[PDB]
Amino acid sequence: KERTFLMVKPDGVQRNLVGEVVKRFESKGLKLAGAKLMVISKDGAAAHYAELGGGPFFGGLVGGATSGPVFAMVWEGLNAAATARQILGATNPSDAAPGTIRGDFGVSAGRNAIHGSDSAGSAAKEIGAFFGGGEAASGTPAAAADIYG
């Protein structure tokens, strides 16, 4: 059903947390509709982080995402985006509820393992910028009935 864009920032990829962060959502019910390693290459960054470019963080923020790769993803299911952030954790890892990808694998707001949509609109603008339309498989997960109803 509803889709959501969420990727693993350079740090997590480097901290070998790719697998777990993917898995967390698999064993949750969220469905992986597309995912790859497309780097930010600066240009892709500035736009994505376009909001508040005048803020000092940009200088040191756009520096980060652009270093190592970025495993980008798109996940399905009802309330996929709503629930994602809940388990993604609070933005600040040193303030994020223990049990989340952040409160379990993150000690700094600078580079906190993953990233994920803050609304369906932000979701419907992130998928596009990073993915496309064909890179996404429209596979029906053989196990989805034992989740919704």
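From 1 onward, residues are counted along the sequence shown.
Novice: Mean C-alpha B-factor higher for 101-109, or for 52-60?
Specialist: It is 52-60 that shows the higher mean C-alpha B-factor.
Novice: In the PDB record, does 5-13 or 125-133 carry the higher mean Cα temperature factor?
Specialist: The entry gives the higher C-alpha B-factor average to 125-133.
Novice: Highest recorded C-alpha temperature factor, please, choosing from 32, 82, 45, 114.
Specialist: Answer, based on the entry's C-alpha B-factors: 45.
Novice: In terms of CA temperature factor as recorded, identify the highest of 27, 86, 91, 66.
Specialist: Out of 27, 86, 91, 66, the record gives the largest C-alpha B-factor to 66.
Novice: Lowest, middle or highest third of the chain for the C-alpha temperature factor of residue 120?
Specialist: CA B-factor rank for residue 120: highest third.
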